[PDB]
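Visitor: One structure is given below, represented as structure tokens, and several questions about it will come after.
Please note: Cβ atoms are built from the backbone with ideal geometry, for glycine as well, and neighbour counts cover all protein chains shown. Here, each number is a calculation from the coordinates, and none is a lab measurement.
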Amino acid sequence: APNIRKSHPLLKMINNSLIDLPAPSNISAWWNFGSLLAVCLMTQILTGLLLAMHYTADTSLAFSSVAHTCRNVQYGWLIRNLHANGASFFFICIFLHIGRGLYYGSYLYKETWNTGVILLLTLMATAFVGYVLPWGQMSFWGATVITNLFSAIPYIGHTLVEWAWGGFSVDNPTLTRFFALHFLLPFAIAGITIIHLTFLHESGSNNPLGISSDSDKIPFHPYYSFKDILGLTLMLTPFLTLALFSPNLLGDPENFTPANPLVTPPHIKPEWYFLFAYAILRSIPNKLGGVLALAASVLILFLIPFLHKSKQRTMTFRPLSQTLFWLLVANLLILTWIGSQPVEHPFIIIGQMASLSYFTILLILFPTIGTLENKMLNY
Amino acid sequence: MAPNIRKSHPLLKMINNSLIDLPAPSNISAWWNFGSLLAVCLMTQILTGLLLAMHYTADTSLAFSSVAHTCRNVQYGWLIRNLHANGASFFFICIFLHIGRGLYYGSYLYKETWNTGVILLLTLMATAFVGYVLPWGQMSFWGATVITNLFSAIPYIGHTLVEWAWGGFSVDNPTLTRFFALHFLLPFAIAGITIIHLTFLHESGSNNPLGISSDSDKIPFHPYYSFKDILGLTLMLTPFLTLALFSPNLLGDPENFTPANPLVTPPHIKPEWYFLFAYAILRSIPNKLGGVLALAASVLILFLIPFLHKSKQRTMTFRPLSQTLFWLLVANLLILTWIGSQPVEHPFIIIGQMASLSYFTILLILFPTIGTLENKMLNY
Amino acid sequence: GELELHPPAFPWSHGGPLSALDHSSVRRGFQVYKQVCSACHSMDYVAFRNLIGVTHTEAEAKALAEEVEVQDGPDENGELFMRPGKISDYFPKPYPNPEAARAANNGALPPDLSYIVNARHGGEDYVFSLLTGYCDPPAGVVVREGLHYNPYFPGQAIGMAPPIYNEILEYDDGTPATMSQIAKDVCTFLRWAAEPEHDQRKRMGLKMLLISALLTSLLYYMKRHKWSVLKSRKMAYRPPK
Amino acid sequence: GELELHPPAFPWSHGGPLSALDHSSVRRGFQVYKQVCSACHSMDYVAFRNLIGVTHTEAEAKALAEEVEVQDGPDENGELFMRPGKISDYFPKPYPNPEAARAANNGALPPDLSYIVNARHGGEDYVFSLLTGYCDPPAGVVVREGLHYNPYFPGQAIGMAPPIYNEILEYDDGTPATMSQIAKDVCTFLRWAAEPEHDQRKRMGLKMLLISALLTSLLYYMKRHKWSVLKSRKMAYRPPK
Amino acid sequence: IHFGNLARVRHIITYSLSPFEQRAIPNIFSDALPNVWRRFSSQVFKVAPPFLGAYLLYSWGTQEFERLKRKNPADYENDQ
Amino acid sequence: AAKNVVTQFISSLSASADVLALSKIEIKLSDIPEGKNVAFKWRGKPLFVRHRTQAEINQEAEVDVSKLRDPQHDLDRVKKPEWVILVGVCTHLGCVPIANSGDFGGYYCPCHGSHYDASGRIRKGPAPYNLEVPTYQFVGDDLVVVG
Ligand code: HEC
Ligand code: HEC
Ligand code: HEM
Ligand code: HEM
Ligand code: HEM
Ligand code: HEM
Ligand SMILES: CO/N=C(/C(=O)OC)c1ccccc1CO/N=C(/C)c1cccc(C(F)(F)F)c1
Ligand SMILES: CO/N=C(/C(=O)OC)c1ccccc1CO/N=C(/C)c1cccc(C(F)(F)F)c1
Ligand SMILES: CCCCCCCCO[C@@H]1O[C@H](CO)[C@@H](O)[C@H](O)[C@H]1O
Ligand SMILES: CCCCCCCCO[C@@H]1O[C@H](CO)[C@@H](O)[C@H](O)[C@H]1O
Ligand code: FES
């Protein structure tokens, strides 16, 4: 082969996925999130390792090791900030990535979609175990509240839980296994991300009009490498602005207090990116039902590919679906909001409304409106 | 797409083109069984490693006892600990036979598969080095000290590089915690690089003991080699387990059953057997800087092998002079291993330099020379 | 018991995203802590050396640390013993453990202040409103013996007796030690104790913004430049027709 | 200077790959340790509960642990205090710290015995030779005051006076407490303290061998079976010649 | 696709039997062992030698090291 | 072979020996004076074992609280008469009630009120449920084994 970019067994790979890779000419900024998610992942792993090199997984030293890192390690405070806040940048990006997919029917690429669902699940597990590490009050209680949910599974209940804790409650044995899990999972994410992109390359990218872009493809480089680099700095600015000017904006002050099993914080609530699910959890008063609801709130994503009724791929030319789409987005902000609120009136009733509409829109309305729209096109 | 889903599917296709319909020479011997063992070995270290990691505490004040707590309280913690420590040795025995096979059969002529291989070895050594420090016993600490102090011998950037590595002025807690992170991490790089290793390899396919094209006679990896390899696995796995279950501490230093103490230097600071050969070469050059280079060279020398092939034939199967030279070298290595475990005194000192010298000579001068000589004896 | 009073937002001199801490105020705040709060409140994460180059001179810090006796050891016979403090020591603990602390405060536990302004919603505005907000309970409300009424404390019955009052101490810099002046200083000090990186963090923020502005603009032009080829591209359908 | 006497190999009842520890011997060994060695030697990694089902009854172990007072706390007033031992407590330390230990042994430090037989080359053969090997120094050799001559100790001048002698204690099982009998028992006990898993490990080893023998043969046949196709294969070159 | 593009091959016939028609380990004494011996024989003089030399050097050096630890009476013959 | 190796590795994740050693506590019933409440440490949290004198299975066992905030029926989940064993943790915010006071002679949580009777039931207070009653048994009367 003439150029070594195609013959070489490795460069060939780099070339067929980042240089001569055929990309639609009209993909928008919504397609910029895949790369941000990747970069985001590289960054979490990097700052993570740097933190891990100064952390001590022990109930008696965790809290202070994080403090020692922020107070003594050269730029430890900066690394800690970037890691904690990076987790949020990661979720913001992942939610927009998903949104883009629902709106544009990217889910029709079934395998790319399913691996994607798996990436999200793994990312959550990662952030959950990560959060416990500093061993502050919300660290401990959040760990407690969620893991206790599984004792609700009949039969294998108390077992699965005491197996997970490595004892009778969240304690040191839990902390150490959680550190190993936190260190490990990101690497599974990186792995699965490769599979994600592998299935994706079978078809290539979808585009905003939802029609074949074979008639007009352009090389990933320089078009998208530039577009993506730009998208990186555009997002990276607010990220840094937040982490450098308002470091604790998103965090709970309760975590600046060493965990204490003899003092339940008044309002045990998760980081923002889990609030929507926390709301759905509490919507079903009944330990077991709520757990299933929580599970279903995310597992529901595996069904999306089978609820597509439209004759068109995207929602670009489907105004009824478009509003339903934004209704859903608002539905989510509402759940997020309910999640941060105590379990009282009127939040309780509002919560069930939001939880119920959530599942209805995805399970019943979207497929239905899609069918309806097919008729209005005389199809 | 295609008839069977084993070829069309974007993933199974991968599994099929590397473990089922993969064309393999019909005559590869037991020496080709080490690649698969290395892989399995790697999966096992990672598995037992994680299980140990879930009960470990990277702190000078708790490390030693966390390992003890694991062995004494964790269900089968004692077994996992044994399998992990001894598995490291199974790993090196396998890696050394893997390399040997390669030298003897000219596998190194597959340059990229070879170079990634050298990288796998280096990464494996770093992994075991940092791993060894974790229990924080006496040999853990002093081995860490002895080796890391070698870099303060590097010119100008010396002292810096070292105090940077330790995260202070001596091997201490900051060193331990970063070593844990490295130990947890590197194995994953090994898995990664192993994929690249096999990827380059598949460009050519396996070499074989006669060193001639096997296109005229290839057989599917499965069932021929999947069976041969599974058999190879149990055959090796037996002595491994026999050792780990009947003579758990045969290979370890008793000195490591004592908590690290910076105020008491053990009498004989020596590494696990698989590093002895290199330790011998290190100590062969009295001169901090020269020894360090010699140590470095003892392994980096592997990157030159592809360029020192002079024979007109690939393997050594039909090269009797090279064959003896080859076993001379092997014996040379046992000797260095032996010298590595001995104190630095007469006659071990002089013997040591002889062995170190012959080591480099055989690979750098004799092998290429004898190869050329043999070419003439075939009237070539 | 329901209903809570939320503090107001005071205009701290270190509130602006680009505004550092008033180190002179931090220095006085240290004095307050050292002479008043340190009697019952521990500050485990700060050491005397931390003051150097921030609020005190190296000579000053060394003297401050020496005013304290620390327990070192064991010695030859495996005995603990006292010794004068070094700048590497951390601010001394008022009590051996929490049990002893509660024992000396009516079963109430004065928390470590190292991260207090971040461990409480409201931060310094909260701590400030609390210190200067003690008053008599409204009608219908009875404070059980040992507790003191404070509208700013949840439940309104705090176990800390008003810690500060006018002239309770003298600032050796000559500042008028009024009650609110004191609270203001100690709160500014608490901010610094919670995050010594404060100033550097903001100085970095400034640099991040400028570079971010510059670089984003530059990259925008480059993206546009390359894409101009497709943006201005024109096409036509010309069938043999 | 580099001279050293290497112990001989005694035929321990737990030396065979398939031979467990003699638990009756381990029980006596515990007594020796508890009544003799524990005076100066700590065994930090073993707890009374560990004896249960190995050498003692649960009732027996609970009584043994109660013979000891342990320091618990803090209490209400943040005070340390004593309490009777539970089977979850570990064997009591003879000294607070090493400094105090040397202080009471002429600057010599009696090491923790939890892993002694693995922290020394020779293991129990070494510990046994040592205990029963004290004797007078040979001509030309002088042992400095405070040290005792032992040919088995490196340097031959040990800081431990001969710890055991005939009838230094009475075995409540009625075994004749001769010096060598005692050493033998405590050494067997030490083996167990270093590796409680000892018996389970060997029982497992037995199972690993049988299964290994069975599975290997089976797999050998299968490999052979499949390869038979190639092994017996015949070929010929038939050119149109 | 690696099967079908390997080599240009002509006029070779091969005969093979199912594994179920034949024996797994045939002619152990008439063929196997003889060959095992044959294989050992053809290699022993290439492999053994250096290993034997290694052993010698090992023995020498070990014994020589111990001999140097012993005392030479010739250093005390006039110490009266 | 696989079944065993997997079993071993899997069980390496469940409670280790040191932990199981604190799994349960055995309390001697015949050493707990009447009326006088005694608290022990069990699983890091307080464990209440009070000996009901005579005016306890009566004064605080005949109460007529029509609508109860928690379906507390002693015949549902309890056992011994003069014996009451509770988990000394208020179900409000994890505080430990006190036996000295207790508006209803039982226990009082000095955190937000929460008054518990002699049977350890939420009376006057914010805490929803009643102090939890942990597993136990009397395979030896003069001894009880909680946990
Ligand atoms: C006599 C010891 C004592 C002194 C002196 C004292 N405090 Fe306290 N402080 C306490 C006690 C006791 C509490 C616990 C109150 C409670 O939780 O009921 C407390 C609590 C606090 C709290 C808030 C706790 C919360 O939950 O919000 C802050 C903040 C605080 N003190 C600040 C200070 C500062 C600043 C000073 C010096 C100006 C100071 N204290 C001096 C005894 C004292
Ligand atoms: C009076 C305290 C005391 C008693 C009692 C005692 N030892 Fe020791 N032991 C020591 C001292 C001191 C040392 C340190 C010796 C040295 O390093 O010079 C020691 C060292 C040892 C060593 C060997 C140290 C080495 O480096 O090899 C062993 C093993 C040992 N003791 C076993 C025992 C056993 C078993 C018993 C009970 C039969 C026992 N000791 C009872 C004081 C004692
Ligand atoms: C760590 C998480 C993830 C990484 C790193 C990742 C990465 C990527 C990348 C690089 C692309 C190509 C560029 C783009 O279209 O954005 C992509 C595409 C895609 N991903 Fe992800 N992804 C992640 C999570 C997910 C999730 C959670 C879903 C869905 C539940 C998902 C669904 C898809 C789909 C369906 C596409 C097709 C885009 C199209 O319509 O062209 N991905 N992803
Ligand atoms: C998928 C990427 C990752 C995510 C989403 C993530 C998320 C988190 C979260 C939410 C926290 C809590 C931060 C806080 O509030 O203090 C955390 C902490 C931590 N993470 Fe990660 N993490 C990731 C990767 C890693 C990796 C790869 C490592 C290192 C091998 C790591 C090491 C740590 C450590 C040591 C902490 C504790 C110190 C601290 O809390 O700041 N993380 N992580
Ligand atoms: C973690 C370490 C390694 C892994 C997992 C690994 C794995 C493999 C595998 C699976 C094969 C195919 C089967 C075989 O022929 O044995 C292979 C072949 C090979 N490997 Fe490695 N290897 C490792 C290290 C190395 C090293 C250190 C070298 C050389 C310095 C090396 C050189 C080669 C070469 C040259 C081949 C060609 C074999 C032939 O002649 O057909 N490998 N390796
Ligand atoms: C490439 C595979 C690996 C090698 C060659 C290796 C090697 C070692 C070695 C030589 C030791 C010291 C053993 C001893 O004598 O006590 C060790 C300890 C340890 N390794 Fe690994 N290891 C590997 C992978 C891992 C991984 C993936 C983890 C977990 C993420 C891990 C976790 C540990 C831990 C926690 C210890 C300390 C406990 C102990 O000393 O037994 N190892 N390893
Ligand atoms: C260890 O807890 N970590 C918390 C956190 O904020 O991490 C960022 C937290 C904090 C408070 C309450 C609940 C949670 C736990 O997260 N909450 C929910 C409700 C959740 C929802 C879905 C999935 C998952 C999981 F398991 F990660 F997969 C978790
Ligand atoms: C932390 O030390 N780990 C030791 C060990 O035995 O681990 C199994 C050890 C022990 C005693 C002396 C020297 C060593 C250090 O290893 N010694 C050598 C001589 C060495 C030689 C080459 C490369 C490397 C490295 F760095 F791993 F890459 C190390
Ligand atoms: C989007 C790209 C943002 C990069 C911003 C780089 C600014 C970091 O600048 C930092 O400022 C600190 C305070 O003065 C100094 O102490 C550091 O040495 C310096 O590197
Ligand atoms: C080559 C495959 C070897 C696998 C051998 C599996 C045998 C392990 O068997 C083990 O024996 C112990 C002693 O009885 C038991 O305590 C363990 O529970 C049991 O799993
Ligand atoms: S925790 Fe008991 S009354 Fe609130």
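Visitor: Tally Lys and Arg at +1 and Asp and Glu at -1 over the other residues with C-beta under 15 Å from the C-beta of C:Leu209: what net charge comes out?
Guide: +4
Visitor: Something else now. Net charge near D:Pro98, counting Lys/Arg +1 and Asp/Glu -1 over other residues with Cβ under 15 Å of its Cβ? Each step should come with its number before you reach the end.
Guide: Working: positive: D:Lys93, D:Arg102; negative: C:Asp75, C:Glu76, C:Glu79, D:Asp44, D:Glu99, D:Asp112.
Local charge sum for D:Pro98: -4.
Visitor: Across peptide F:88-99, what mean number of C-beta atoms from other chains lies inside 10 Å of a residue's C-beta? Provide the component values of the computation, followed by the final result.
Guide: Numbers: counts 0, 3, 1, 1, 2, 5, 7, 3, 1, 0, 0, 0.
Other-chain Cβ atoms within 10 Å of each residue's Cβ, averaged: 2.
Visitor: Averaged over B:48-61, how many beta carbons belonging to a partner chain fall within 10 Å of each residue's beta carbon? Provide the component values of the computation, followed by the final result.
Guide: Values: counts 2, 1, 6, 7, 2, 8, 12, 9, 4, 9, 10, 6, 0, 4.
For this peptide, the per-residue mean of nearby foreign Cβ atoms is 6.
Visitor: Separate question: Below 15 angstrom from the Cβ of B:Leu336, what's the summed charge of the other residues (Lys, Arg +1; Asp, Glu -1)?
Guide: Result for the neighbourhood of B:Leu336: +1.
Visitor: Can you pull the percent of Cα pairs in chain E with separation above 14 Å? Walk me through the intermediate numbers first.
Guide: Working: 2623 of 3160 pairs.
Tail fraction, whole percent: 83.
Visitor: Please compute, for peptide B:3-12, the average count of beta-carbon atoms on other protein chains lying within 10 Å of each residue's beta-carbon.
Guide: Details: counts 0, 0, 0, 0, 1, 0, 1, 6, 4, 0.
Neighbouring Cβ atoms belonging to other protein chains average 1 per residue here.
Visitor: Another question, then. Over the range B:7-137, what is the mean sequence separation of C-alpha contacts under 8 Å (at least six apart), divided by residue count, expressed as relative contact order in percent? Before the final figure, lay out each step's value.
Guide: Numbers: 68 pairs, mean separation 37.1, N = 131.
It comes to 28 percent, rounded to a whole number.
Visitor: Give, as ranges by residue number, the residues of the range D:186-223 whose backbone N falls under 11 Å from the point 7 Å along Cα→Cβ of D:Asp22.
Guide: What the label zone holds, given the 11 Å backbone N cut-off, is D:188.
Visitor: Based on the Kirkwood radius over alpha-carbon pairs, what value in µm²/s does the Stokes-Einstein equation return for the translational diffusion coefficient of chain D at 4 °C and 1.567 mPa s? Mind dumping the intermediate values first?
Guide: Details: Rh = 21.8 Å.
Estimated via Stokes-Einstein, D reaches 59 µm²/s.
Visitor: To the nearest 0.05, how large is the calculated FRET efficiency for D:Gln71 and D:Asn106 if R₀ is 25 Å and r is the Cβ-Cβ distance?
Guide: Working: r = 27 Å, r/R0 = 1.08.
After rounding, the FRET efficiency stands at 0.40.
Visitor: Skipping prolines and chain starts, which residues have an amide H placed within reach, meaning under 5 Å, of the one on A:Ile218, given they are 5 or more residues away or on another chain?
Guide: Residues meeting the criterion, in which the H sits 1.01 Å from N, are A:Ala23, A:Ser25.
Visitor: Among the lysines, select those whose C-alpha is under 18 Å from the C-alpha of D:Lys231, and discard any that sit fewer than 8 residues away in the same chain.
Guide: Partners found: B:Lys218, B:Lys228, D:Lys223.
Visitor: Separate question: Given a cut-off of under 8 Å on Cα pairs at least six residues apart, what relative contact order in percent is computed for chain A? Can you show the working numbers first?
Guide: Details: 418 pairs, mean separation 83.8, N = 379.
Here the relative contact order equals 22 percent.
Visitor: Right, another one. Once all Cα-Cα distances of the protein assembly as shown are split into 20 Å bins that start at 0, what whole-number percent is in each one?
Guide: Calculated over all Cα pairs of the protein assembly as shown, the distribution is 7, 27, 35, 23, 6, 1, 0 percent.
Visitor: Once you place label points 7 Å from the Cα toward the Cβ at C:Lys234 and F:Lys28, how far apart are they in nm?
Guide: Reported label-point gap for C:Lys234 and F:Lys28 is 10.4 nm.
Visitor: With the calculation restricted to Cα positions, what are the radius of gyration and Dmax of chain F in angstrom?
Guide: Expressed in Å, the Cα Rg and Dmax of chain F come to 18.1, 63.
Visitor: Could you sort the peptides C:132-140, B:222-230 by per-residue average Cβ neighbour count (10 Å cutoff), highest mean leading? Don't skip to the answer; put the middle values down first.
Guide: Working: C:132-140: 11.9, B:222-230: 18.4.
Listed from highest to lowest mean packing, they are B:222-230, C:132-140.
Visitor: Using Cα-Cα distances under 8 Å and only pairs 6 or more residues apart, what relative contact order does chain C have, in percent? It would help to have the intermediate numbers written out before the result.
Guide: Working: 298 pairs, mean separation 58.7, N = 241.
Answer for chain C is 24 percent.
Visitor: Using a Cα distance threshold of under 29 Å, what count of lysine pairs results for chain A when pairs must be 8 or more residues apart or interchain?
Guide: Within chain A, the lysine pair count is 16.
Visitor: Per residue Cα convex hull volume for the range D:197-241, in cubic angstrom? All intermediate terms of the calculation are to be shown ahead of the outcome.
Guide: Values: hull volume 2.9 nm³, N = 45.
Output value, Cα hull per residue: 65 Å³.
Visitor: Within chain D, which complete DSSP H helices have Cα atoms spanning at least 27 Å along the helix axis and a mean Kyte-Doolittle hydropathy of -1.0 or higher?
Guide: D:198-231
Visitor: Then there's this: ³J(HN,Hα) across the range A:213-228 via Karplus (A = 6.51, B = -1.76, C = 1.60, θ = phi - 60°), whole Hz, x for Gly/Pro?
Guide: Listing the rounded values in order: 9, 4, 6, 8, 10, 10, x, 3, 10, x, 3, 7, 5, 6, 4, 5 Hz.
Visitor: Follow-up. Where does chain A land on Rg/Rh, using Cα atoms and the Kirkwood Rh?
Guide: Details: Rg = 22.4 Å, Rh = 22.7 Å.
Across chain A, the Cα-based Rg/Rh ratio is 0.99.
Visitor: With charges set only on the Cβ (+1 for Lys and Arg, -1 for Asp and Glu), what does the dipole of chain D come to about its Cα centre, in debye to the nearest 20?
Guide: On the way: 25 positive and 28 negative charges, 675 e Å.
I would put it at about 3240 debye.
Visitor: Kindly write out, for the range A:247-263 in residue order, the coupling ³J(HN,Hα) from the Karplus curve 6.51 cos²θ - 1.76 cosθ + 1.60 (θ = phi - 60°), rounded to whole Hz, with x marking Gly and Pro.
Guide: Couplings: x, 9, 3, 7, x, 8, x, 4, 8, 9, 10, x, 3, 8, x, 10, 7 Hz.
Visitor: Still on this model: Once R0 is set to 30 Å, what does the formula 1/(1 + (r/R0)^6) return for the Cβ-Cβ distance between A:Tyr379 and A:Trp326, expressed as a FRET efficiency to the nearest 0.05?
Guide: Working: r = 24 Å, r/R0 = 0.81.
Given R0 = 30 Å and the Cβ-Cβ separation, E is 0.80.
Visitor: Sequence gap of 8 or more, or different chains, plus Cα separation below 18 Å: how many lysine pairs satisfy both in the range C:1-196? Don't skip to the answer; put the middle values down first.
Guide: On the way: C:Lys34/C:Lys62; C:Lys34/C:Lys86; C:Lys34/C:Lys93; C:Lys34/C:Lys184; C:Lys62/C:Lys86.
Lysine pairs meeting the criterion: 5.
Visitor: With a 10 Å cut-off between alpha carbons and a GNM built on chain A, which of A:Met235, A:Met53, A:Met124 moves the most?
Guide: A:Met53
Visitor: A follow-up question, please. Which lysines does B:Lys376 reach when only Cα atoms under 16 Å apart count, and residues fewer than 8 places away in its own chain are ignored?
Guide: Those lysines meeting the cut-off are B:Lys310, B:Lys312.
Visitor: Using a label position 7 Å from Cα in the Cα→Cβ direction, what is the ascending list of nm distances from D:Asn97 to the same site in the other copies?
Guide: Distances to the matching label points in the other copies: 1.9 nm.
Visitor: Rg over Rh of the range A:219-284, using C-alpha atoms and the Kirkwood radius, what does it come to?
Guide: With Rg and the Kirkwood Rh in hand, the quotient comes to 1.21.
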